[PDB]
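Only one chain comes next, encoded as structure tokens, the form deposited in one PDB entry.
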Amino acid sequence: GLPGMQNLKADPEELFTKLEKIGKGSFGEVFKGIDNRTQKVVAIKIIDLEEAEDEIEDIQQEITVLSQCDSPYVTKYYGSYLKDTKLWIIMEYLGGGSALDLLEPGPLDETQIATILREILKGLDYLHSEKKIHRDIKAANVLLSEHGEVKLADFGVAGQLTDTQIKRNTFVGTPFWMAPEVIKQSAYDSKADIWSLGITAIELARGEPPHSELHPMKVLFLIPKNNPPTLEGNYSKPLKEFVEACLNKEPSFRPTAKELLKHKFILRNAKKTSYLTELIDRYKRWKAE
């Protein structure tokens, strides 16, 4: 069973107007689309199932996790369709672009960094309260609405904790952002997301994560072996300490998302999310040259 699977009689090529590519998930490309009945814009991920084995259980896990989330901070899932051998996965469209996109015109200021981190933390707090772990937190997977709302996306490797399985040990994520215990495949939980958040904070401040210049295979030993990264450069002490709190090699020494929502860097610098429209406008003006 696949949650939200629609009548196999329904034709997604009829119900949706498929537009340009806007991204990609674990296996499928993601397209902007129009719901032909409502004219709302949606995001459509298309996976070829014929061209796919081992992938399908990963796809089912993703959609299962997504369908169980109901949060302003997590991309909505609307349902799935089959067209011949292709699965059409219909999801919330966010027109502002990813936080990573919004870095292309130039650096963020610390108000913007704190606001985006605060909203990410609201998303993580929600997930972790549901015993879910995202496991691929990075600026590319943090999306903005055209109104500046901030949401977590791409649940391609998201995981579920249960009372019979308190921790996980699967090697998943994007290497530069992965926690040391995940890389070493030790038992881990939501604290792994908190490490990835720290890397993302560096990414938001500097434009790239630590080790970004190296072959990803090198971080397989570097991250477990080296002292954790710190934020280097002219940034406020609270931001540097926010980063340090997240990036501790010992997971139990990392704060919870709930706790980080009250961190002085967040409280002193975060502002209304509507202000992030300036960042979205900046990216639009820049794109247009």
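By rigid core we mean the largest C-alpha set that fits within 1.5 Å across both forms. Numbers for residues come from their place in the sequence shown, where the first is 1.
Below: the form deposited in another entry, not depicted.
Engineer: Shifts of 2 Å or more in the Cα, rigid core superposed between the shown form and the other one, apply to only one of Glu259, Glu250, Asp70, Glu53; name it.
Structural biologist: Residue with a C-alpha shift of 2 Å or more: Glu53.
Engineer: Is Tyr235 one of the residues whose C-alpha moves 2 Å or more between the shown form and the other one after the core fit?
Structural biologist: It does not, since the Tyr235 C-alpha is displaced less than 2 Å between the shown form and the other one after the core fit.
Engineer: Quick one: core overlaid, is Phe155 moving 2 Å or more at the Cα between the shown form and the other one?
Structural biologist: For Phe155, whose C-alpha is compared between the shown form and the other one after core superposition, the shift is 2 Å or more.
Engineer: On a rigid core superposition, would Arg268 pass a 2 Å threshold for CA movement between the shown form and the other one?
Structural biologist: Result for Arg268: no, shift under 2 Å.
Engineer: Could you tell me whether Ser196 and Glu29 have their C-alpha atoms closer or farther apart in the other entry than in the shown form, knowing the shift is 3 angstroms or more?
Structural biologist: The answer is farther, because the C-alphas of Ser196 and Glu29 separate from each other in the other entry by 3 Å or more.
Engineer: Closer or farther: the C-alpha atoms of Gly159 and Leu66 in the other entry, versus the form shown, with a change of 3 angstroms or more?
Structural biologist: Distance between the C-alphas of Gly159 and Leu66: longer in the other entry, by 3 Å or more.
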